[PDB]
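> Here's a structure for you.
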Amino acid sequence: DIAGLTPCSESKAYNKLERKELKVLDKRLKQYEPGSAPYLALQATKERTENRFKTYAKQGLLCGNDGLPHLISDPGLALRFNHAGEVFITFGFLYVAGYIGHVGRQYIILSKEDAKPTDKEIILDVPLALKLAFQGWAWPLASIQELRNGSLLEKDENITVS
Amino acid sequence: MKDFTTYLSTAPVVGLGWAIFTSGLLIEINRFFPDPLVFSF
Amino acid sequence: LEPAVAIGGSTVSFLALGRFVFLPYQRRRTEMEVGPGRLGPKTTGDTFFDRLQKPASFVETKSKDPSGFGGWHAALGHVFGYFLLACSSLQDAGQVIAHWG
Amino acid sequence: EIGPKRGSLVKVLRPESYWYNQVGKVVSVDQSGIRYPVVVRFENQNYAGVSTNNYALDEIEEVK
Amino acid sequence: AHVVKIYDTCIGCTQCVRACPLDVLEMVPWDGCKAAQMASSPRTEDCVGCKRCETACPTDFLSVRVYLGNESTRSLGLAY
Amino acid sequence: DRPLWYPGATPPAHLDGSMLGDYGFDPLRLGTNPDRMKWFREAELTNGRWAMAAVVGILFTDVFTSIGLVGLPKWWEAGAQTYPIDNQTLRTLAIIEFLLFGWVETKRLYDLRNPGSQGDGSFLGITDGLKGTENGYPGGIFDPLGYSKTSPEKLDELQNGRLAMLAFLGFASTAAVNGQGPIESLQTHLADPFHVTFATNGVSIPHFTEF
Amino acid sequence: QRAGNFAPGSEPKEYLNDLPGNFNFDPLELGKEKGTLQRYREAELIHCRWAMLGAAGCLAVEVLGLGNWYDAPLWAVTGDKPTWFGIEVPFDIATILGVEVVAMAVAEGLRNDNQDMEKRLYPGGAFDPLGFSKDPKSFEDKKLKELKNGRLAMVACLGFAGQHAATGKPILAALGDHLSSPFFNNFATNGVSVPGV
Ligand code: CLA
Ligand code: CLA
Ligand code: CLA
Ligand code: CLA
Ligand SMILES: CC(/C=C/C=C(C)/C=C/[C@@]12O[C@]1(C)C[C@@H](O)CC2(C)C)=C\C=C\C=C(C)\C=C\C=C(C)\C=C\[C@@]12O[C@]1(C)C[C@@H](O)CC2(C)C
Ligand SMILES: CC1=C[C@H](O)CC(C)(C)[C@H]1/C=C/C(C)=C/C=C/C(C)=C\C=C\C=C(C)\C=C\C=C(C)\C=C\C1=C(C)C[C@H](O)CC1(C)C
Ligand code: SF4
Ligand code: SF4
């Protein structure tokens with residue numbers, strides 16, 4: 001009940017929308033036999049809709065004036081209340097993104113220490129790429145240990161015109 | 001055989017190995033686990 | 001409250017302040033600043049009658065570095081710094097400016 | 001004799017060249033008193049497509 | 001017309017004189033390169049500005065430069 | 001130095017050098033840098049040293065709790081039962097813990113950067129006794145059993161510490177999928193060894209085969 | 001001349017070598033330049049002297065029992081007769097404001113025109129009537145005592161501000177509270193000094 005919003009568990013617009021979708025899906029049930037493939041498909045879609053509304057609700061998710069769930073993003077404001085899960089868990093993307101970056105940077109540096117590193121880019125060295133992909137699980141430790149040693153950057157060896 | 005396995009390292013290793021793996025992983029995650037809007041905390 | 005004693009006791013305090021304790025500091029502080037000329041160009045032979053600093057003697061008349069226009073310049077403190085205190089009519093007009101809290 | 005050792009990697013110091021602050025291998029150094037006798041060769045091509053250029057003696061520095 | 005200039009960083013490969021389609025540049029003898037010849041441009045009034053000489057220049061940076069300027073009947077490539 | 005974690009085809013690069021409990025296990029090659037290796041061994045020593053005290057504080061009390069000697073709560077609710085007593089301070093334990101712990105943690109930190117950097121003009125009169133022998137291995141702290149000649153006692157220390165770390169991770173995971181204690185989950189494993197298993201008792205892996 | 005190490009086995013800064021009250025504390029390397037270090041020195045001395053006088057008066061009014069230090073300037077807003085040790089001075093708020101502006105203006109104007117690097121930190125003559133500056137050794141340890149007491153007084157003034165910012169109890173009362181329940185009443189129990197306590 002922050003930023004003027006209300007929990008999805010006590011909102012009339014949320015229930016109104018839920019019944020609307022359950023009704024528009026149920027209107028298509030009369031056009032088919034009670035035991036065929038379109039009937040089974042429509043029944044599976046109805047079960048998924050009921051489960052999603054139940055899953056979206058009772059999990060601290062709150063909506064505002066229209067039944068649509070809103071998301072709290074300020075840390076602290078999302079930590080003082082049970083709203084950390086909605087967007088404060090940015091560390092999942094940061095982990096996968098840093099994993100991709102560390103694997104690519106390790107492949108660029110290692111491949112450059114070879115005669116003509118070009119054809120190694122158009123024709124990947126798959127045993128070296130697979131070995132470097134499964135070796136970068138602890139990428140933040142390698143990043144902090146490669147920064148203190150100064151092996152992450154260059155001093156002044158850049159094609160500049162400044 | 002060496003020429004075929006080295007041919008398989010140009011464009012398929014990046015456009016059909018990773019693409020098929022990543023697409024299949026995200027699709028199977030969204031298939032067994034239905035639609036995820038929060039960390040379910 | 002009294003306007004005569006709030007802007008009068010103001011003028012003299014701002015004047016005596018600027019003439020007894022802030023005069024050598026102002027003179028020592030204005031030495032690093034240069035005049036209006038664009039790094040000193042020719043003026044008299046080019047008809048620059050407005051940029052040239054006004055003459056009117058501009059020499060020592062008092063003691064320990066005097067002020068001809070400074071006595072009228074620094075004197076604006078009389079109305080800049082105390083006409084505000086002199087006009088403090090909100091202390092009896094109901095509009096409280098104490099800012100509680 | 002006046003230029004650097006043939007086959008030694010050097011650094012270019014011409015501020016308007018495509019290989020500024022880069023490292024290039026010296027292929028040959030002329031001994032005729034010309035303005036730019038140190039000829040170098042670089043691994044990476046320029047915008048035009050060439051990969052070699054000749055610099056003077058003052059715009060050639062040793063690598064790092 | 002356009003102003004063409006030839007700098008001293010020329011190597012005398014004679015490629016700009018071969019690439020010029022209006023006979024503007026020429027090769028004069030010089031004593032500052034291995035080929036002992038440097039380019040020149042006496043027929044500057046016939047420069048059209050297609051910049052083929054700059055593409056034919058192999059040194060970095062280009063020894064020949066075509067600075068465009070005022071246009072005349074010859075430099076505008078008009079045939080009427 | 002000690003037996004390899006695998007029987008073969010796994011030769012490390014920076015693990016050839018002698019070290020305490022050297023088993024040659026480093027697949028991600030994290031300790032390649034010498035300074036980072038020297039810092040990671042201290043981190044492992046501190047983590048194992050505190051995990052040992054934590055696992056004994058949980059397991060040793062759980063033995064008497066399951067037998068019936070004491071009536072103390074389990075570890076997952078020992079915190080929820082200490083503060084409801086009438087004579088127990090508010091949540092100031094975290095602050096006094098942070099202050100009093102940071103005071104000695106900074107001494108141990110400045111000792112790693114500059115080994116033996118405890119000058120005479122720092123403490124009152126024990127300013128000379130804090131000169132440790134090696135990094136992570138001090139002398140004036142411990143009083144007996146340490147003036148021997150052969151160091152492989154540290155191997156027992158490191159092996160007990162590694163087993164303790166793995167044990168605490170098992171404590172936090174077993175009590176997260178079953179809601180019981182470690183010996184409470186161990187005693188039930190002795191009764192039915194095929195029924196209470198992580199593959200089928202707790203919701204660990206999605207096994208849905210109920211034909 | 002290092003009066004103590006702020007951290008055992010710290011990094012010796014080669015800038016704070018021959019200075020009184022030196023502890024080689026500064027880790028942000030502020031004042032590394034030899035010119036700004038003098039301005040920082042005189043600023044520290046002036047702030048130490050002002051904070052010592054402030055903390056002394058702040059604790060003196062409460063130990064003598066004449067009212068809270070924060071509640072002392074509330075006389076102009078509430079509208080009554082202010083007093084100093086029960087004398088009831090008849091000065092208005094505009095009059096004390098004016099005399100304070102003029103007196104501090106002439107005092108600070110005369111202080112700023114010293115132009116003496118030694119006399120700007122430690123003057124003497126008229127500012128030292130007792131003259132305990134003859135003995136150079138006594139002058140040295142007295143200067144060190146001045147800096148050590150001044151820094152403690154600055155931390156004490158910031159403490160009075162924080163104590164009144166969290167709770168509304170007076171200074172001595174704040175001590176009494178800590179003496180009534182040390183493990184139950186401290187800064188970690190106000191609910192505001194730590195976002196989460
Ligand atoms: C050496 C430590 C150790 C020991 C003795 C045990 C013992 C036990 N665990 Mg446990 N566990 C451990 C570590 C350990 N675990 C760790 C580190 C984790 C986190 C991944 C878990 C997570 C876990 C879960 C989620 C569950 C158990 C469960 C159980 C009980 C049934 C066995 C089972 O289902 O498979 C055990 C599952 C494992 C992941 C352990 C296998 C791999 C470990 C880490 C290898 C270590 C073994 C060691 C090399 C040899 C044994 C040493 C011993 C003789 C001292 C059993 C008494 C289940 C239970 O409580 O039954 C109701 C259960 O649900 N464990
Ligand atoms: C793994 C290689 C790699 C790495 C480590 C980086 C890293 C970086 N890039 Mg970059 N980039 C890459 C590839 C890479 N890039 C490629 C292939 C392109 C062409 C599409 C670009 C185009 C690009 C632009 C236009 C910009 C950056 C910028 C940046 C910086 C900002 C962070 C960012 O994420 O920007 C965004 C990065 C992207 C949008 C590229 C995403 C595409 C994927 C991740 C690249 C695929 C890499 C491949 C899988 C690696 C092979 C693995 C190997 C085992 C075979 C950062 C240092 C920004 C900058 O200027 O610096 C501040 C910037 O403006 N990049
Ligand atoms: C059906 C015919 C066909 C098609 C559609 C393509 C299509 C493509 N080729 Mg291929 N090629 C073909 C035949 C074909 N080729 C044949 C017969 C040969 C000789 C064996 C080659 C040899 C060849 C080489 C050597 C290369 C390509 C490359 C490429 C890609 C262009 C580069 C790019 O996207 O930017 C670049 C993109 C980035 C810098 C960002 C990196 C992230 C990317 C987007 C992820 C990769 C996913 C992939 C491109 C998308 C799916 C691929 C698709 C075929 C399913 C492109 C998708 C280039 C390539 O491998 O792509 C990188 C390249 O190096 N081709
Ligand atoms: C007006 C405050 C002030 C000033 C100007 C100085 C100035 C100086 N101090 Mg000093 N110090 C102060 C306060 C101050 N101090 C206080 C309160 C303490 C007690 C904690 C100390 C304890 C101390 C020690 C132990 C030592 C010094 C020393 C020094 C000298 C060298 C350090 C330096 O170059 O930094 C220059 C100073 C500044 C640039 C002032 C800038 C202030 C910035 C903006 C930080 C302020 C923000 C701060 C975090 C606020 C806290 C509030 C909190 C709620 C966030 C220098 C002349 C060293 C010395 O040799 O003595 C001569 C020395 O060893 N100081
Ligand atoms: C001026 C001062 C106090 C003066 C108090 C006065 C006049 C009080 C007067 C009155 O109270 C009375 C008597 C009566 C009241 O009724 C009215 C008032 C008027 C209220 C305190 C300064 C106090 C100043 C303080 C607290 C300074 C803090 C310094 C810190 C924290 C150190 C920081 C650094 O360490 C870093 C972080 C990095 C390092 O590199 C460098 C350094 C700079 C050394
Ligand atoms: C100059 C001269 C020279 C000549 O010749 C001679 C003559 C000698 C006489 C002189 C003078 C001198 C002087 C003036 C001195 C002074 C000092 C002061 C003022 C103060 C202190 C002052 C003061 C100070 C330090 C203070 C400190 C304080 C503190 C810590 C406090 C604390 C506290 C607190 C927090 C709170 C609680 O609740 C309480 C307590 C616990 C209690
Ligand atoms: S721009 Fe064209 S016409 Fe002019 S000199 Fe170059 S090649 Fe010749
Ligand atoms: S193309 Fe360039 S280098 Fe060659 S002759 Fe012409 S100007 Fe000289």
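Residues in the structure tokens are named by chain (A, B, ... in the order shown) and by number from 1 within that chain; ligands are numbered from 1 in the order shown.
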7 Å from ligand 1 is the threshold here; counting only C-alpha atoms and all ligand atoms, which polymer residues fall inside it? Answer as a PyMOL selection string.
chain F and resi 163+166-167+169-170+173-174+177-178+185-186+189+196-199+201-202+204
> Output N, CA and C atoms of each residue in that selection to a file, as a short mmCIF file (atom, residue, chain, number, x, y, z; two decimals), in the first residue's frame.

data_model
loop_
_atom_site.label_atom_id
_atom_site.label_comp_id
_atom_site.auth_asym_id
_atom_site.auth_seq_id
_atom_site.Cartn_x
_atom_site.Cartn_y
_atom_site.Cartn_z
N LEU F 163 35.37 -29.65 5.46
CA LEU F 163 34.24 -30.51 5.78
C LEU F 163 33.19 -29.73 6.56
N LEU F 166 31.21 -27.42 4.05
CA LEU F 166 30.24 -28.22 3.31
C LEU F 166 29.08 -28.63 4.22
N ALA F 167 29.38 -28.87 5.50
CA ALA F 167 28.35 -29.24 6.46
C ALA F 167 27.39 -28.09 6.73
N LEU F 169 26.66 -25.67 4.66
CA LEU F 169 25.84 -25.48 3.47
C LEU F 169 24.73 -26.53 3.44
N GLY F 170 25.04 -27.74 3.92
CA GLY F 170 24.03 -28.78 4.02
C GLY F 170 23.00 -28.47 5.09
N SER F 173 20.68 -25.90 3.55
CA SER F 173 19.84 -26.41 2.47
C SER F 173 18.85 -27.48 2.92
N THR F 174 19.27 -28.36 3.83
CA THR F 174 18.38 -29.41 4.33
C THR F 174 17.25 -28.80 5.14
N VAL F 177 14.40 -27.25 2.74
CA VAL F 177 13.52 -28.07 1.93
C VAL F 177 12.68 -29.01 2.79
N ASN F 178 13.02 -29.20 4.07
CA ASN F 178 12.27 -30.06 4.97
C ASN F 178 11.75 -29.36 6.22
N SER F 185 16.71 -34.63 10.53
CA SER F 185 16.68 -35.10 9.15
C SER F 185 17.61 -36.28 8.96
N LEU F 186 18.56 -36.47 9.87
CA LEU F 186 19.49 -37.59 9.82
C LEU F 186 18.87 -38.82 10.44
N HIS F 189 16.54 -40.39 8.14
CA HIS F 189 17.21 -41.04 7.02
C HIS F 189 17.65 -42.44 7.40
N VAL F 196 13.15 -40.93 2.42
CA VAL F 196 13.53 -39.55 2.70
C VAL F 196 14.90 -39.32 2.05
N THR F 197 14.85 -38.89 0.80
CA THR F 197 16.01 -38.62 -0.03
C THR F 197 15.76 -37.31 -0.77
N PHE F 198 16.82 -36.52 -1.02
CA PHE F 198 16.69 -35.23 -1.71
C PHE F 198 16.05 -35.35 -3.09
N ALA F 199 16.18 -36.49 -3.76
CA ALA F 199 15.59 -36.66 -5.07
C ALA F 199 14.10 -36.88 -5.00
N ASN F 201 12.22 -36.69 -1.39
CA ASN F 201 11.54 -36.18 -0.21
C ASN F 201 11.25 -34.70 -0.37
N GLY F 202 12.28 -33.89 -0.42
CA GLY F 202 12.08 -32.47 -0.57
C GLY F 202 11.85 -32.06 -2.00
N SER F 204 13.32 -30.48 -4.43
CA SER F 204 14.63 -30.07 -4.89
C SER F 204 14.72 -30.18 -6.40
#
> Find the residues around segment 18-20 of chain B up to 12 Å (only C-alpha atoms counted), leave out those fewer than 5 positions away in its own chain, and share them as an mmCIF file with N, CA and C atoms, in the first residue's frame.

data_model
loop_
_atom_site.group_PDB
_atom_site.id
_atom_site.type_symbol
_atom_site.label_atom_id
_atom_site.label_comp_id
_atom_site.auth_asym_id
_atom_site.auth_seq_id
_atom_site.Cartn_x
_atom_site.Cartn_y
_atom_site.Cartn_z
ATOM 1 N N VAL A 126 36.194 -23.634 -31.547
ATOM 2 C CA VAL A 126 35.164 -24.272 -30.717
ATOM 3 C C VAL A 126 35.695 -24.978 -29.466
ATOM 4 N N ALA A 129 36.457 -22.101 -27.264
ATOM 5 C CA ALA A 129 35.280 -21.337 -26.873
ATOM 6 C C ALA A 129 34.464 -22.090 -25.835
ATOM 7 N N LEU A 130 34.380 -23.415 -25.966
ATOM 8 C CA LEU A 130 33.637 -24.216 -24.998
ATOM 9 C C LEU A 130 34.379 -24.295 -23.677
ATOM 10 N N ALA A 133 33.838 -20.952 -22.002
ATOM 11 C CA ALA A 133 32.458 -20.705 -21.599
ATOM 12 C C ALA A 133 32.150 -21.330 -20.245
ATOM 13 N N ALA B 11 29.837 -20.083 -39.587
ATOM 14 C CA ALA B 11 28.513 -19.514 -39.378
ATOM 15 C C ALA B 11 27.524 -20.419 -38.618
ATOM 16 N N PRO B 12 27.574 -21.772 -38.681
ATOM 17 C CA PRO B 12 26.621 -22.526 -37.852
ATOM 18 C C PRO B 12 26.895 -22.441 -36.362
ATOM 19 N N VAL B 13 28.163 -22.442 -35.935
ATOM 20 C CA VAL B 13 28.528 -22.387 -34.515
ATOM 21 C C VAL B 13 28.011 -21.136 -33.816
ATOM 22 N N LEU B 25 16.178 -22.887 -24.804
ATOM 23 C CA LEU B 25 16.229 -22.761 -23.356
ATOM 24 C C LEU B 25 15.145 -21.816 -22.853
ATOM 25 N N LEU B 26 15.010 -20.644 -23.482
ATOM 26 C CA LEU B 26 13.984 -19.688 -23.067
ATOM 27 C C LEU B 26 12.586 -20.224 -23.323
ATOM 28 N N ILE B 27 12.402 -20.932 -24.433
ATOM 29 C CA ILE B 27 11.095 -21.480 -24.750
ATOM 30 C C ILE B 27 10.725 -22.609 -23.790
ATOM 31 N N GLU B 28 11.658 -23.518 -23.482
ATOM 32 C CA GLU B 28 11.328 -24.591 -22.548
ATOM 33 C C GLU B 28 11.113 -24.061 -21.141
#
> Output as a CSV table (one decimal) with N, CA and C atoms, in the first residue's frame the set of chain F residues within 8 Å of chain A, with distances taken over only C-alpha atoms.

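Written output follows (out_12.csv):
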chain,number,residue,atom,x,y,z
F,27,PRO,N,39.4,-25.8,-11.0
F,27,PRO,CA,39.1,-25.9,-12.5
F,27,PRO,C,38.9,-24.5,-13.1
F,28,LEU,N,38.4,-23.5,-12.4
F,28,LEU,CA,38.2,-22.2,-13.1
F,28,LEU,C,39.5,-21.4,-13.1
F,29,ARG,N,40.6,-21.9,-12.6
F,29,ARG,CA,41.9,-21.2,-12.6
F,29,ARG,C,41.8,-19.9,-11.9
F,30,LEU,N,41.1,-19.8,-10.8
F,30,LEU,CA,40.9,-18.6,-10.1
F,30,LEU,C,42.2,-18.1,-9.4
F,36,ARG,N,46.7,-12.8,-5.6
F,36,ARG,CA,45.3,-13.2,-5.4
F,36,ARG,C,45.3,-14.6,-4.8
> Using only C-alpha atoms and all ligand atoms, what are the residues with an atom within 12 Å of ligand 3, set out as a PDB file with N, CA, C and O atoms, in the first residue's frame?

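The resulting out-v4.pdb:
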ATOM      1  N   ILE A 100      28.678 -13.058 -20.260  1.00  0.00           N
ATOM      2  CA  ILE A 100      28.862 -12.929 -21.706  1.00  0.00           C
ATOM      3  C   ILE A 100      30.065 -12.049 -22.018  1.00  0.00           C
ATOM      4  O   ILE A 100      30.906 -12.394 -22.867  1.00  0.00           O
ATOM      5  N   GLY A 104      33.651 -13.286 -23.828  1.00  0.00           N
ATOM      6  CA  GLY A 104      34.103 -12.682 -25.074  1.00  0.00           C
ATOM      7  C   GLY A 104      35.448 -11.997 -24.950  1.00  0.00           C
ATOM      8  O   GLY A 104      36.284 -12.082 -25.858  1.00  0.00           O
ATOM      9  N   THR A 118      42.854 -13.196 -37.088  1.00  0.00           N
ATOM     10  CA  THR A 118      41.692 -12.833 -37.944  1.00  0.00           C
ATOM     11  C   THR A 118      40.892 -14.085 -38.316  1.00  0.00           C
ATOM     12  O   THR A 118      39.723 -14.169 -37.899  1.00  0.00           O
ATOM     13  N   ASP A 119      41.486 -15.015 -39.070  1.00  0.00           N
ATOM     14  CA  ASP A 119      40.742 -16.208 -39.454  1.00  0.00           C
ATOM     15  C   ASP A 119      40.236 -16.979 -38.243  1.00  0.00           C
ATOM     16  O   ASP A 119      39.363 -17.836 -38.394  1.00  0.00           O
ATOM     17  N   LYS A 120      40.742 -16.678 -37.047  1.00  0.00           N
ATOM     18  CA  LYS A 120      40.246 -17.309 -35.841  1.00  0.00           C
ATOM     19  C   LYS A 120      38.938 -16.677 -35.397  1.00  0.00           C
ATOM     20  O   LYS A 120      38.282 -17.203 -34.497  1.00  0.00           O
ATOM     21  N   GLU A 121      38.565 -15.562 -36.032  1.00  0.00           N
ATOM     22  CA  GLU A 121      37.298 -14.865 -35.687  1.00  0.00           C
ATOM     23  C   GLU A 121      36.179 -15.359 -36.611  1.00  0.00           C
ATOM     24  O   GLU A 121      35.065 -15.586 -36.104  1.00  0.00           O
ATOM     25  N   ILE A 122      36.471 -15.554 -37.901  1.00  0.00           N
ATOM     26  CA  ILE A 122      35.437 -16.030 -38.809  1.00  0.00           C
ATOM     27  C   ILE A 122      35.261 -17.530 -38.676  1.00  0.00           C
ATOM     28  O   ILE A 122      34.183 -18.045 -38.971  1.00  0.00           O
ATOM     29  N   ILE A 123      36.292 -18.237 -38.232  1.00  0.00           N
ATOM     30  CA  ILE A 123      36.262 -19.672 -38.011  1.00  0.00           C
ATOM     31  C   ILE A 123      36.617 -19.814 -36.542  1.00  0.00           C
ATOM     32  O   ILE A 123      37.794 -19.748 -36.175  1.00  0.00           O
ATOM     33  N   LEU A 124      35.601 -19.970 -35.706  1.00  0.00           N
ATOM     34  CA  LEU A 124      35.814 -20.065 -34.274  1.00  0.00           C
ATOM     35  C   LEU A 124      36.595 -21.308 -33.894  1.00  0.00           C
ATOM     36  O   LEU A 124      36.568 -22.333 -34.576  1.00  0.00           O
TER      37      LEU A 124
ATOM     38  N   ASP B   3      37.862 -31.143 -42.774  1.00  0.00           N
ATOM     39  CA  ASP B   3      37.299 -30.018 -43.503  1.00  0.00           C
ATOM     40  C   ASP B   3      35.834 -29.807 -43.155  1.00  0.00           C
ATOM     41  O   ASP B   3      35.374 -28.667 -43.104  1.00  0.00           O
ATOM     42  N   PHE B   4      35.090 -30.881 -42.882  1.00  0.00           N
ATOM     43  CA  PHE B   4      33.689 -30.719 -42.512  1.00  0.00           C
ATOM     44  C   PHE B   4      33.558 -30.133 -41.116  1.00  0.00           C
ATOM     45  O   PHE B   4      32.742 -29.230 -40.889  1.00  0.00           O
ATOM     46  N   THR B   5      34.365 -30.618 -40.168  1.00  0.00           N
ATOM     47  CA  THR B   5      34.289 -30.073 -38.819  1.00  0.00           C
ATOM     48  C   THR B   5      34.858 -28.661 -38.769  1.00  0.00           C
ATOM     49  O   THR B   5      34.461 -27.877 -37.905  1.00  0.00           O
ATOM     50  N   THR B   6      35.752 -28.296 -39.693  1.00  0.00           N
ATOM     51  CA  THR B   6      36.214 -26.919 -39.680  1.00  0.00           C
ATOM     52  C   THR B   6      35.232 -26.033 -40.432  1.00  0.00           C
ATOM     53  O   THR B   6      35.207 -24.822 -40.204  1.00  0.00           O
ATOM     54  N   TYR B   7      34.399 -26.617 -41.303  1.00  0.00           N
ATOM     55  CA  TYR B   7      33.375 -25.835 -41.979  1.00  0.00           C
ATOM     56  C   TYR B   7      32.275 -25.503 -40.989  1.00  0.00           C
ATOM     57  O   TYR B   7      31.694 -24.415 -41.026  1.00  0.00           O
ATOM     58  N   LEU B   8      31.998 -26.435 -40.081  1.00  0.00           N
ATOM     59  CA  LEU B   8      30.987 -26.275 -39.043  1.00  0.00           C
ATOM     60  C   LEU B   8      31.353 -25.244 -37.980  1.00  0.00           C
ATOM     61  O   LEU B   8      30.575 -25.071 -37.042  1.00  0.00           O
ATOM     62  N   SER B   9      32.496 -24.564 -38.084  1.00  0.00           N
ATOM     63  CA  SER B   9      32.920 -23.574 -37.105  1.00  0.00           C
ATOM     64  C   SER B   9      32.854 -22.139 -37.612  1.00  0.00           C
ATOM     65  O   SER B   9      33.405 -21.251 -36.961  1.00  0.00           O
ATOM     66  N   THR B  10      32.202 -21.877 -38.739  1.00  0.00           N
ATOM     67  CA  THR B  10      32.161 -20.509 -39.234  1.00  0.00           C
ATOM     68  C   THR B  10      30.872 -19.798 -38.853  1.00  0.00           C
ATOM     69  O   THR B  10      30.828 -18.993 -37.922  1.00  0.00           O
ATOM     70  N   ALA B  11      29.837 -20.083 -39.587  1.00  0.00           N
ATOM     71  CA  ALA B  11      28.513 -19.514 -39.378  1.00  0.00           C
ATOM     72  C   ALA B  11      27.524 -20.419 -38.618  1.00  0.00           C
ATOM     73  O   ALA B  11      26.662 -19.861 -37.929  1.00  0.00           O
ATOM     74  N   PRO B  12      27.574 -21.772 -38.681  1.00  0.00           N
ATOM     75  CA  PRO B  12      26.621 -22.526 -37.852  1.00  0.00           C
ATOM     76  C   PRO B  12      26.895 -22.441 -36.362  1.00  0.00           C
ATOM     77  O   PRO B  12      25.938 -22.351 -35.594  1.00  0.00           O
ATOM     78  N   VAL B  13      28.163 -22.442 -35.935  1.00  0.00           N
ATOM     79  CA  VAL B  13      28.528 -22.387 -34.515  1.00  0.00           C
ATOM     80  C   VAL B  13      28.011 -21.136 -33.816  1.00  0.00           C
ATOM     81  O   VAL B  13      27.830 -21.127 -32.595  1.00  0.00           O
ATOM     82  N   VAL B  14      27.737 -20.084 -34.564  1.00  0.00           N
ATOM     83  CA  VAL B  14      27.246 -18.853 -33.982  1.00  0.00           C
ATOM     84  C   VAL B  14      25.812 -18.548 -34.360  1.00  0.00           C
ATOM     85  O   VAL B  14      25.151 -17.796 -33.633  1.00  0.00           O
ATOM     86  N   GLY B  15      25.299 -19.097 -35.449  1.00  0.00           N
ATOM     87  CA  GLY B  15      23.944 -18.767 -35.810  1.00  0.00           C
ATOM     88  C   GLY B  15      22.941 -19.877 -35.679  1.00  0.00           C
ATOM     89  O   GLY B  15      21.745 -19.656 -35.866  1.00  0.00           O
ATOM     90  N   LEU B  16      23.396 -21.075 -35.368  1.00  0.00           N
ATOM     91  CA  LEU B  16      22.503 -22.196 -35.226  1.00  0.00           C
ATOM     92  C   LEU B  16      22.821 -23.020 -34.011  1.00  0.00           C
ATOM     93  O   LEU B  16      22.073 -23.943 -33.698  1.00  0.00           O
ATOM     94  N   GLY B  17      23.911 -22.743 -33.334  1.00  0.00           N
ATOM     95  CA  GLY B  17      24.198 -23.511 -32.160  1.00  0.00           C
ATOM     96  C   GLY B  17      23.689 -22.693 -31.010  1.00  0.00           C
ATOM     97  O   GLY B  17      22.835 -23.135 -30.241  1.00  0.00           O
ATOM     98  N   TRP B  18      24.214 -21.473 -30.913  1.00  0.00           N
ATOM     99  CA  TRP B  18      23.814 -20.565 -29.851  1.00  0.00           C
ATOM    100  C   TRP B  18      22.367 -20.121 -29.999  1.00  0.00           C
ATOM    101  O   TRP B  18      21.658 -20.003 -28.998  1.00  0.00           O
ATOM    102  N   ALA B  19      21.921 -19.851 -31.230  1.00  0.00           N
ATOM    103  CA  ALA B  19      20.555 -19.386 -31.450  1.00  0.00           C
ATOM    104  C   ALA B  19      19.550 -20.456 -31.073  1.00  0.00           C
ATOM    105  O   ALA B  19      18.574 -20.189 -30.366  1.00  0.00           O
ATOM    106  N   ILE B  20      19.802 -21.683 -31.508  1.00  0.00           N
ATOM    107  CA  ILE B  20      18.931 -22.801 -31.197  1.00  0.00           C
ATOM    108  C   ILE B  20      18.992 -23.129 -29.707  1.00  0.00           C
ATOM    109  O   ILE B  20      17.958 -23.390 -29.085  1.00  0.00           O
ATOM    110  N   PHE B  21      20.187 -23.060 -29.098  1.00  0.00           N
ATOM    111  CA  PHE B  21      20.322 -23.346 -27.671  1.00  0.00           C
ATOM    112  C   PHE B  21      19.601 -22.309 -26.819  1.00  0.00           C
ATOM    113  O   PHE B  21      18.831 -22.665 -25.924  1.00  0.00           O
ATOM    114  N   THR B  22      19.851 -21.025 -27.073  1.00  0.00           N
ATOM    115  CA  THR B  22      19.238 -19.951 -26.300  1.00  0.00           C
ATOM    116  C   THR B  22      17.731 -19.893 -26.510  1.00  0.00           C
ATOM    117  O   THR B  22      16.973 -19.739 -25.541  1.00  0.00           O
ATOM    118  N   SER B  23      17.277 -20.031 -27.762  1.00  0.00           N
ATOM    119  CA  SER B  23      15.852 -20.012 -28.056  1.00  0.00           C
ATOM    120  C   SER B  23      15.153 -21.198 -27.421  1.00  0.00           C
ATOM    121  O   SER B  23      14.080 -21.044 -26.831  1.00  0.00           O
TER     122      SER B  23
END
